[PDB]
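give the three-dimensional model of this entry:
(one chain, ligands or ions: 1)
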Amino acid sequence: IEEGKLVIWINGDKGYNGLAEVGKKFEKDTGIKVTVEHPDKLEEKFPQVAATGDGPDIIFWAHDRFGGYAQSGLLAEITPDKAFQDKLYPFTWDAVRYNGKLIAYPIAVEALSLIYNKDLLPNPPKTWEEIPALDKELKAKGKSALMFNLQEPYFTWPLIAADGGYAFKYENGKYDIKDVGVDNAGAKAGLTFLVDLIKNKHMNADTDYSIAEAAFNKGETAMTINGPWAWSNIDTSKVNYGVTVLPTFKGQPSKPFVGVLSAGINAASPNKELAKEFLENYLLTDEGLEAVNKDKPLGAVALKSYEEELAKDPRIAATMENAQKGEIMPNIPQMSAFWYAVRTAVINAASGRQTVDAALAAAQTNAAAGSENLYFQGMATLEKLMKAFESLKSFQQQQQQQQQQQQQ
Ligand SMILES: OC[C@H]1O[C@H](O[C@H]2[C@H](O)[C@@H](O)[C@@H](O)O[C@@H]2CO)[C@H](O)[C@@H](O)[C@@H]1O
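Residues are numbered from 1 along each chain as shown. I have put the structure below:
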């Protein structure tokens, strides 16, 4: 990878130009090309391209995926003096800490909130169960109650989790890597509620990120579930919008997974020296954040000096309310598998393709398995077994036939 550039990948829903403004200031001072890019599904791409001349120097993602990448030795260790570490809240350092080493620089705390249209809904609903009633209402008025991305379990998870669904059990400060609360009763109850919305045409399993965004912005649905990055496009559509706590289900709080947006450094990179300089000296400063937060919000930020300001903004105050009630994502390498399972479990359940009981039954077993790396060789084994057992039945039958034809 050409030394004396910085190539940065960051997800497209994020303030990608805000950050590219920061790579200008850097270029001004250092005279270094900073190239911000946003390829679709970077979380999946990075590991394929890492150790190559087309790897990124820096990669932005929530902390969850980084332990994955860390295990595979794709991230360089970051070694910043404690004076610096004191600039940002510790718990953010905690998120990017794997086998006691730091692997990314924390940037932003992200939690989904309930974004609602203050016109169509003067009062937004305090509970999930209120919502079918509020669709009857707005179905009539040509509108819809609620629309959020079903195609990512990030958004579906707060509901599942709400009656004590969990990914991997935390006990003795470690994650019990074979104990998984996807197919537990409250998780089952969570998903069953959501399928019942789809069953009763109160929501539509088609719904992708784009559509949900269109609908709320174009004033067609009273509610979405999203994070602060979404906020900038809704300002634009001048939709009078509030940003509140997600509603209780079975009178328990919605428990979103809380990502920490984090900037890891490609262990392949020659510019690890520069990468650190950029992130510490330019991005993680009240200037370089304000540069992004203006483009598309970071929501709540790792950097304390700035977050002190942003906290007053009662949207970011509501974002932290949701987080407080939710849970920080594990950063274990198993999360990749867990995510895949639940994506599919929720798809299948909402498409009808599988019962709720059946979908989570699988996600359980598949998440506990640890890796999506075995699906091919597994499915091949499974056929091999199926085809054998069929052969066995076939033989039972030729034998029983052959015995009837000797009794004659
Ligand atoms: O949907 C599963 C998905 O959840 C998380 O991804 C979030 C994350 O908080 C942000 O990076 C933001 O861009 O939106 C994403 C949701 O689509 C996990 O970080 C990710 O691994 C997982 O695939």
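
from now on I want contacts and neighbour counts done on CA atoms only, so please keep to that.
Noted.

in which helix or strand would I find the residue in the stretch 301-408 of the chain that the ligand sits nearest to?
With C-alpha to the nearest ligand atom as the measure, residue 339 is the residue of the stretch 301-408 of the chain nearest to the ligand, at 5.6 Å. For residue 339, the element it lies in under DSSP states H and E is helix 335-351.

residue 299 reaches residue 229, doesn't it?
Yes. Using C-alpha atoms under 8 Å, residue 299 makes contact with residue 229 at a distance of 7.0 Å.

between the two, which one's more packed in?
residue 299 (26 against 19; other C-alpha atoms under 10 Å).

not counting sequence-adjacent ones, nearest residue to the more buried one?
Nearest non-adjacent residue to residue 299, counting by C-alpha to C-alpha, 6 or more residues apart in numbering: residue 228, 4.9 Å away.

my guess is the one you found contacts residue 297. True?
Yes. The pair residue 228 / residue 297 is scored as a contact, 5.5 Å apart, by C-alpha under 8 Å.

how many other residues sit next to residue 133?
11.

correction: residue 188
Residue 188, neighbours per other C-alpha under 10 Å, totals 23.

where does residue 242 sit: helix, strand or coil?
What DSSP: H, G, I helix; E, B strand; the rest coil gives for residue 242 is strand.

using PDB, write down the CA coordinates of the one helix or strand residue 308 maps to.
Residue 308 belongs to helix 304-310 when assigned by DSSP H and E. Extracted C-alpha coordinates of helix 304-310, given in PDB (Å, rounded to 0.1, in the frame of the first residue of the first chain):
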ATOM      1  CA  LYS A 304     -15.100  14.100  27.000                       C
ATOM      2  CA  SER A 305     -14.300  17.800  26.300                       C
ATOM      3  CA  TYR A 306     -16.800  17.700  23.300                       C
ATOM      4  CA  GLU A 307     -19.500  15.300  24.800                       C
ATOM      5  CA  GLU A 308     -19.900  17.900  27.700                       C
ATOM      6  CA  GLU A 309     -21.400  20.300  25.000                       C
ATOM      7  CA  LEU A 310     -23.400  17.700  22.900                       C
END
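
okay, buried residues for the helix or strand that that helix is followed by please.
Once helix 304-310 ends, the next helix or strand along the chain (criterion: DSSP H and E) is helix 314-325. Of the residues in helix 314-325, 315-323, 325 count as buried by neighbour count, 16 or more other C-alpha atoms under 10 Å.

off-centre distance for the top helix by length along the chain?
Assignment by DSSP state H gives helix 375-407 as the longest helix of the chain. In this view, helix 375-407 has its centroid 44 Å away from the chain centroid, taken as C-alpha atoms, centre = their mean, to the nearest Å.

what is the burial count for residue 100?
8.

same deal with residue 152?
Neighbours around residue 152, by other C-alpha under 10 Å: 18.

now do the contacts for the nearest residue to it once chain neighbours are set aside.
Spatially, and ignoring its direct neighbours in sequence, residue 152 is nearest to residue 343 (5.7 Å; C-alpha to C-alpha, 6+ apart). The neighbourhood of residue 343, defined by C-alpha atoms under 8 Å, 6 or more residues apart in numbering, consists of 151-153.

mind checking the SS state of whichever residue of the stretch 201-350 of the chain sits closest to the ligand?
Residue of the stretch 201-350 of the chain nearest the ligand, by C-alpha to the nearest ligand atom: residue 259 (4.8 Å). Here residue 259 is strand, with the state taken from three-state DSSP.

go on, residue 169?
Residue 169 - assigned by three-state DSSP - is strand.

do I have it right that it meets residue 180?
Yes. Using C-alpha under 8 Å, residue 169 is in contact with residue 180, at 6.6 Å.

before we move on, the earlier item: export the helix holding residue 339 to CSV, keeping only CA atoms.
The C-alpha trace of helix 335-351 is given here as CSV (Å, rounded to 0.1, in the frame of the first residue of the first chain):
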residue,chain,number,x,y,z
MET,A,335,-20.1,-11.9,17.3
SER,A,336,-19.8,-12.4,13.4
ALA,A,337,-21.6,-15.8,13.8
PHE,A,338,-24.2,-14.5,16.3
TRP,A,339,-25.0,-11.6,13.9
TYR,A,340,-25.4,-14.0,10.8
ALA,A,341,-27.7,-16.3,12.9
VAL,A,342,-30.0,-13.5,14.1
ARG,A,343,-30.1,-11.7,10.6
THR,A,344,-31.3,-15.0,9.2
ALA,A,345,-33.5,-16.0,12.2
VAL,A,346,-35.4,-12.7,12.0
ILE,A,347,-35.5,-12.7,8.1
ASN,A,348,-36.9,-16.3,8.1
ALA,A,349,-39.4,-15.6,10.9
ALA,A,350,-40.8,-12.4,9.3
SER,A,351,-40.8,-13.9,5.7
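
follow-up on the earlier one: ok, now how distant is the residue nearest to residue 152 from residue 224?
Distance, residue 343 to residue 224, by C-alpha to C-alpha, to the nearest Å: 19 Å.

alright, that wraps it up for me.
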